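> Once you've seen the sequence and the experimental structure below, I've got questions.
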Number of protein chains: 2
Amino acid sequence: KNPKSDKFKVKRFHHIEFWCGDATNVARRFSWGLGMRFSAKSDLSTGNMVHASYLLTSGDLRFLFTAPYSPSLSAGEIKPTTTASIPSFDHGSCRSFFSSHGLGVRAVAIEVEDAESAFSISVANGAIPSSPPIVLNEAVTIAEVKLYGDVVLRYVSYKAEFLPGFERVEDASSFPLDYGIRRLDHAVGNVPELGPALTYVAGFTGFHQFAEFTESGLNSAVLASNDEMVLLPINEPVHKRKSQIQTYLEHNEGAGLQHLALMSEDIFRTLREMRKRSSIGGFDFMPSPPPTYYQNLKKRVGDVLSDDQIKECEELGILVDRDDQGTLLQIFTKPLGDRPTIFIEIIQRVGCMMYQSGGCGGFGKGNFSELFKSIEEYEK
Amino acid sequence: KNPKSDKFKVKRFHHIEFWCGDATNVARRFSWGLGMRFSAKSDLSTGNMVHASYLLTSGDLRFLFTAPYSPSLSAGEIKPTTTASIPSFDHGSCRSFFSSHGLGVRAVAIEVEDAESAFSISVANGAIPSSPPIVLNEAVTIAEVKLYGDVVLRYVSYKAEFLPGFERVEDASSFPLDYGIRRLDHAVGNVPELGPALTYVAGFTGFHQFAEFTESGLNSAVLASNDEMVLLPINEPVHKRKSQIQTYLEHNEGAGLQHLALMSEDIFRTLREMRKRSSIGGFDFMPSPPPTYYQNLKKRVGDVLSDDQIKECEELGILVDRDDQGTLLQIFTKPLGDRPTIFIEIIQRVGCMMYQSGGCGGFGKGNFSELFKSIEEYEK
Ligand SMILES: CCSCc1nnc2c(C(=O)Nc3nnc(C)o3)ccc(C(F)(F)F)n12
Ligand SMILES: CCSCc1nnc2c(C(=O)Nc3nnc(C)o3)ccc(C(F)(F)F)n12
Ligand SMILES: [Co+2]
Ligand SMILES: [Co+2]
């Protein structure tokens, strides 16, 4: 059941922020690979002497890419006089994050009714503060607490266009790419120990348990907001083969964000667009499951997807899972950067109409075993 | 004249190495933006636990992109047992370079007849050593000396496929992009003081002076090898407006590589391909000169380019210059990464046939004044 125990009012996922070495090159690659439009900037051309920040959007999904300039450019600034548009930014914190983890998510940002209250209530309830509430242009409020490793949960609230200090991009370079991605479905963390992480985060949010999974690799559990639109799964390693969660922890130098699942309104169109671009600057995908996996498909989702929809899953390497309430189409990219750490999931859910309920169809845990068997079935 | 005073045998430009935060994302962006094929790799999948290195090629042009892994992955290695394919690499040097300069060229690499001799002769003649000669798999030899700032000149020689330890990419991800770029024409450095830099480099190479320029921004001079195929211009600031060389030095935190000029066998095809991709992950170009610039074109190169070739220059924003021996088509990108530092020039030269002689048509110094006047002519 859903106890609806949120200690403050959470509205939805707002944005994800990557900390980069060069924000330009990462953002250009992600834009082309995922079909996200360049929609706002904050950099030297807008008067920001501290950091370069570029925002990509597709539907409601917002990806922010931030890198530091030379500290010499802002050596005369103090926090009261800063040109930074994100006043929680720090040159040394950013360099230390990137040197330790490589390219990765620094901030999981959620929109709340009041960011200052959500911060106070969180820290009162055990959250480790990262950046106190700061009010931008008397219009937006931002605050940050630690989530896991060097990832922060960022609260944002509005009185009433991304952030103050960001300039809209609607010019020539704002080409309207769109491969169908529409919003962030869930954001998954890897930690060394699940219990303490779950206890910590659920303690300061009031998020309730949504699901759990406990025999190849990991144990996980999901925290959700009251309407279960904000979904934060957390994984730990399970010590034949070496845990992929452990591989993550070793190459990331500890806990951090493992994958972002992005909802598509038409996953077949998204995967056709993304796959056409894999070899020309885009993203590569994990190897497709054997044909045996797609033979077992008609017997499990033949009532949900036509033979034509099923055959299109096989062309594209799409995975399908199903619980008692919904059906799930999913697929995974290879890692986004140099290290075998963060990757992206594309998903589309069918069912649970009331709008669609969060988590409709689960998270594809059934595909672990469905993949292990269909692999052994094709070796024959 | 050309004294042909090379203190060792230089053959040609071999490659350019970028030091990055994430080599994957920079290399994917450059590949798509410039039309360069992914042709070799050295990373975790090849057994390199130290650095990720990806090589792009177009014609004879080779761009190498390298980033460090976590040092923990190779904590048990020593230089005699290293898994690095480029043994001059150092984690701390790479992080310090990138944190200080952002994305930029670390190595200008030239092919010589014998890299060990070229290193010895260079250091004997005043070169500051960076990495002593190392022989890779008894097949290739590599050595490095300081060029300017934190840029090194890298010598490479072969007894007889890029480097030992690199695996060829000819698979699916090796899509054969090609927009016409064929080789590196020249590589330009910015320093605070031209004289000492010129004296230093010409001292240890024997490269001779090829050209010079001394009233908007800079003074420069060109060093060339005996056949004038290796061309290394160096700029210094000239202290109405602020020197763009000084802007470079401030945002780069000192001297470094300013621009790479890449020869195209068909600059009109290259610029059409690159411009179609500017807004979808590729490179942006500097703003085009006014129509007045292209009206003055028929009167200066009307004997070299048809009215149709001239009008195509205007569509594409291409600049044209001409000395007593050749004609030059050129254009400049905006900076390649976050900072207003490094950028790329595309060029194509017409004339000086004997093969074509290096530097045929000069370097476009006439376009500075030709641009200043044609701008004032269009304000009218
Ligand atoms: C490149 C790694 S591929 C292996 C792999 N990695 N993650 C997954 C997931 C997944 O997202 N689980 C999840 N998300 N939130 C919760 C809670 O649980 C489903 C299926 C597979 C697969 F094994 F079927 F591919 N995965
Ligand atoms: C984004 C900056 S645009 C301004 C600009 N920056 N560099 C140039 C060059 C140039 O490459 N000179 C050179 N190369 N080797 C030597 C020696 O000399 C020619 C023309 C112009 C221009 F002013 F005409 F554009 N430039
Ligand atoms: Co998932
Ligand atoms: Co040039």
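That came through fine. Residues are numbered from 1 along each chain as shown, chains lettered A, B, ... in the order given. Ligands and ions are numbered 1, 2, ... in the order given.
> is the longest helix along chain A anywhere near ligand 1?
The residue-count maximum for a helix in chain A (DSSP state H) belongs to helix A:366-379. Yes - applying C-beta under 6 Å from any ligand atom, one finds helix A:366-379 in contact with ligand 1 at A:367, A:368, A:371. Every C-beta, even on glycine, is put in place using the N, C-alpha and C of the backbone.
> Paired strands for the strand or helix carrying residue A:223, with orientation please.
Following DSSP states H and E, one finds residue A:223 within strand A:218-224. Paired strands of strand A:218-224, with direction, are strand A:208-213 (antiparallel), strand A:231-237 (antiparallel) (DSSP bridges).
> Show me how far the longest one is from its chain's centre.
Going by C-alpha atoms, centre = their mean, to the nearest Å, the spacing between the C-alpha centre of strand A:231-237 and its chain's C-alpha centre is 12 Å.
> mind checking the SS state of residue A:344?
strand (DSSP: H, G, I helix; E, B strand; the rest coil).
> do the same with residue A:314
Going by three-state DSSP: residue A:314 is helix.
> Mind listing the strands the host helix or strand of residue A:107 pairs with, and their directions?
Using DSSP H and E, the element containing residue A:107 is strand A:104-112. Paired neighbours of strand A:104-112 in the sheet (DSSP bridges): strand A:10-19 (antiparallel), strand A:151-158 (parallel).
> buried sites along the shortest one?
It refers to strand A:151-158. A:151, A:152, A:153, A:154, A:155, A:156, A:157 (16 or more other C-beta atoms under 10 Å in any protein chain shown).
> The strand holding residue A:107 close to ligand 1?
No - using C-beta under 6 Å from any ligand atom, strand A:104-112 never reaches ligand 1; the gap is at least 13.9 Å.
> Now do that strand: distance to the chain's middle.
8 Å.
> What of stretch A:277-293?
20 Å.
> Beta-bridge partners for residue A:234, please?
Following DSSP bridges, residue A:234 is listed with bridge partners residue A:189, residue A:221.
> Compare the residues of helix A:366-379 next to ligand 1 and tell me which is most surrounded.
Among those, residue A:367 has the most neighbours (other C-beta atoms under 10 Å in any protein chain shown), with 19 neighbours.
> Verify the contact between it and residue A:319 for me.
Yes - with contact defined as C-beta atoms under 8 Å, residue A:367 reaches residue A:319; the gap is 4.9 Å.
> Residues that sit against both of those two, list them.
residue A:330 (C-beta atoms under 8 Å, 6 or more residues apart in numbering or on different chains).
> Next one: residue A:6 from residue A:254, what distance?
Counting by C-beta to C-beta, to the nearest Å, the gap from residue A:6 to residue A:254 is 28 Å.
> neighbour count winner among those two?
Shown here are residue A:6 and residue A:254; by other C-beta under 10 Å, residue A:6 has more neighbours (19 against 15).
> so what's the more buried one up against?
Here residue A:6 is in contact with A:205, A:206, A:207, A:225, A:226 (C-beta under 8 Å, 6+ apart).
> Now do the third one against ligand 2, distance only.
So the one you mean is residue A:207. Plainly put, residue A:207 is 50 Å away from ligand 2 if you go by C-beta to the nearest ligand atom, to the nearest Å.
> just the contacts of residue A:6 now: which is nearest residue B:235?
residue A:205 (55.3 Å; C-beta to C-beta).
> residues in chain A within reach of ligand 1, list them.
A:186, A:188, A:211, A:220, A:222, A:233, A:286, A:319, A:332, A:343, A:345, A:363-364, A:367-368, A:371.
> try 8 Å
Contact residues (C-beta under 8 Å from any ligand atom) of chain A with ligand 1: A:186, A:188, A:211, A:213, A:220-222, A:231, A:233, A:235, A:244, A:258-259, A:261, A:286, A:319, A:321, A:330, A:332-335, A:343, A:345, A:362-365, A:367-368, A:370-371.
> Which residue is the nearest non-sequential neighbour of the closest residue to ligand 2 within the stretch 151-300 of chain A?
Here the residue of the stretch 151-300 of chain A nearest ligand 2 is residue A:173; by C-beta to the nearest ligand atom that distance is 16.5 Å. Using C-beta to C-beta, 6 or more residues apart in numbering or on different chains and skipping residues adjacent in sequence, the residue nearest residue A:173 is residue B:279, 5.0 Å away.
> So the one you found, which state does it fall into?
helix.
> how many other residues sit next to it?
Residue B:279 - counted by other C-beta under 10 Å - has 20 other residues nearby.
> contacting residues for it?
Residue B:279 neighbours (C-beta under 8 Å, 6+ apart): A:172, A:173, A:174, A:175.
> before we move on, what about residue A:262?
Residue A:262 is in contact with A:34, A:61, A:181, A:183, A:184, A:185, A:344, A:345, A:346, A:347, counting by C-beta under 8 Å, 6+ apart.
> closest to residue A:312 among those residues?
For the contacts of residue A:262, the nearest to residue A:312 is residue A:346 (14.1 Å; C-beta to C-beta).
> residues contacting that closest one?
Residue A:346 neighbours (C-beta under 8 Å, 6+ apart): A:181, A:261, A:262, A:264, A:267, A:270, A:271, A:274, A:330, A:331, A:333.
> now residue A:104
A:18, A:19, A:97, A:98, A:252, A:256, A:257, A:337, A:341, A:342.
> Please name the bridge partners of it.
As assigned using DSSP bridges, the partners bridged with residue A:104 are residue A:19.
> and the gap between it and ligand 4?
37 Å (C-beta to the ion, to the nearest Å).
> which residue sits closest to residue A:8 in space, ignoring its chain neighbours?
Looking at residue A:8 with C-beta to C-beta, 6+ apart, the closest residue is residue A:118, at 4.3 Å.
> Residue A:328 too?
Nearest one to residue A:328, counting by C-beta to C-beta, 6+ apart, is residue A:361 at 3.7 Å.
> To ligand 4, which of the strands paired with strand A:218-224 lies closest?
Nearest to ligand 4 among the strands paired with strand A:218-224 is strand A:231-237; the distance by C-beta to the ion comes to 51.2 Å.
> Now that closest one - C-alpha only, CSV.
Only the C-alpha atoms of strand A:231-237 are listed here, as CSV (Å, rounded to 0.1, in the frame of the first residue of the first chain):
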residue,chain,number,x,y,z
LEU,A,231,10.7,7.2,-8.0
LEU,A,232,14.2,6.7,-6.5
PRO,A,233,15.4,3.1,-6.7
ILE,A,234,18.6,2.2,-4.8
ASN,A,235,20.8,-0.9,-5.5
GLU,A,236,23.5,-2.7,-3.5
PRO,A,237,25.9,-5.4,-4.7
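> That one: what's the following helix or strand?
That would be, after strand A:231-237 and using DSSP H and E, helix A:244-252.
> and that following helix, what does it pack onto?
The helices and strands touching helix A:244-252, judged by 3 or more C-beta pairs under 8 Å, 6 or more residues apart in numbering or on different chains; DSSP states H and E, are strand A:181-190, strand A:231-237, strand A:256-264.
> Please tell me which one of the contacts of residue B:279 counts the most neighbours.
Neighbour max across the contacts of residue B:279 (other C-beta under 10 Å) = residue A:174, 17 neighbours.
> Residue A:320 touches residue A:297, doesn't it?
Yes - the pair residue A:320 / residue A:297 is scored as a contact, 6.0 Å apart, by C-beta under 8 Å.
> For the two, list the residues in contact with both.
Counting by C-beta under 8 Å, 6+ apart, the common neighbours of residue A:320 and residue A:297 are A:305, A:313.
> number of nearby residues for the closest residue to residue A:36 other than its chain neighbours?
In this structure, residue A:36 finds its nearest non-sequential neighbour in residue A:56, 3.7 Å apart by C-beta to C-beta, 6+ apart. Residue A:56 has 24 neighbours, counted by other C-beta under 10 Å.
> can you tell me the helix or strand for residue A:56?
For residue A:56, the host element (DSSP H and E) is strand A:51-58.
> now that strand, how far from the chain's geometric center?
How far strand A:51-58 lies from its chain's middle: 15 Å, per C-alpha atoms, centre = their mean.
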